[PDB]
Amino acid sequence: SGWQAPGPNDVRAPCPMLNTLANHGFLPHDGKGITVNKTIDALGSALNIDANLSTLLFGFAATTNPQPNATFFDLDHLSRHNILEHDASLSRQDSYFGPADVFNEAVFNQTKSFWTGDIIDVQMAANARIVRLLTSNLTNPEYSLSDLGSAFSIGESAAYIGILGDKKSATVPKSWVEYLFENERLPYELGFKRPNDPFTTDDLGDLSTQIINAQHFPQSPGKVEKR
């Protein structure tokens, strides 16, 4: 009632949030034929993401459809290596090792170990992202991260803090984030409520700046701050 696991013909993405909105039916349950109007309405209805930001994200998602100048995408188009999907994900392995779309327990265990507290703050988020970049560079001989991939990696850590939690304190309960990644269901039962205030492109930019500012390398090894 309100949630159903993907069945045999349903397609899913490397994005835990889109997978979640498909499992709840905010997006089409089968993960196919997502248009700009469906995107605005799903992200609006479930999370209170503003239309300007939903439109921007749809822009990128549409570039993953193999058909050129496309006006829709499917969730599985998003899995195409090095368009939006990138190495050093928090809950997925690098394509080099295996399929980069499904939840990977080994990788997620690394990420969790840097959330050292019941409340995840900007510092813990920044720290987990950084260890995934460094781990992927030293274990994956085909490791790469484009300027777009770097921007998306920083944006993705800002998102789970800002959209799932309180964007003002820039904090989110650890148990809410763990539940979303592990179940691809919204943690309503743990206290998650759709926020009253819309989440905008400038909220995303600001939190991305806080992530960058909380990185303290004596010397940056590779692409750790590109936007």
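Residue indices: 1-based, along the sequence shown.
Once the C-alpha B-factors are averaged per stretch, 69-77 and 134-142 rank with 69-77 first. Placement of the Cα temperature factor of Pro195 within the chain: highest third of the modelled residues, per the deposited record.
Split the chain's modelled residues into thirds by C-alpha temperature factor. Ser95 is in the middle one. For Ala22, the recorded CA B-factor ranks within the lowest third of the chain. Only modelled residues enter the ranking. When the modelled residues of the chain are ordered by C-alpha B-factor, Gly59 sits in the highest third. Sorting the modelled residues of the chain by their CA temperature factor places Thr39 in the middle third.
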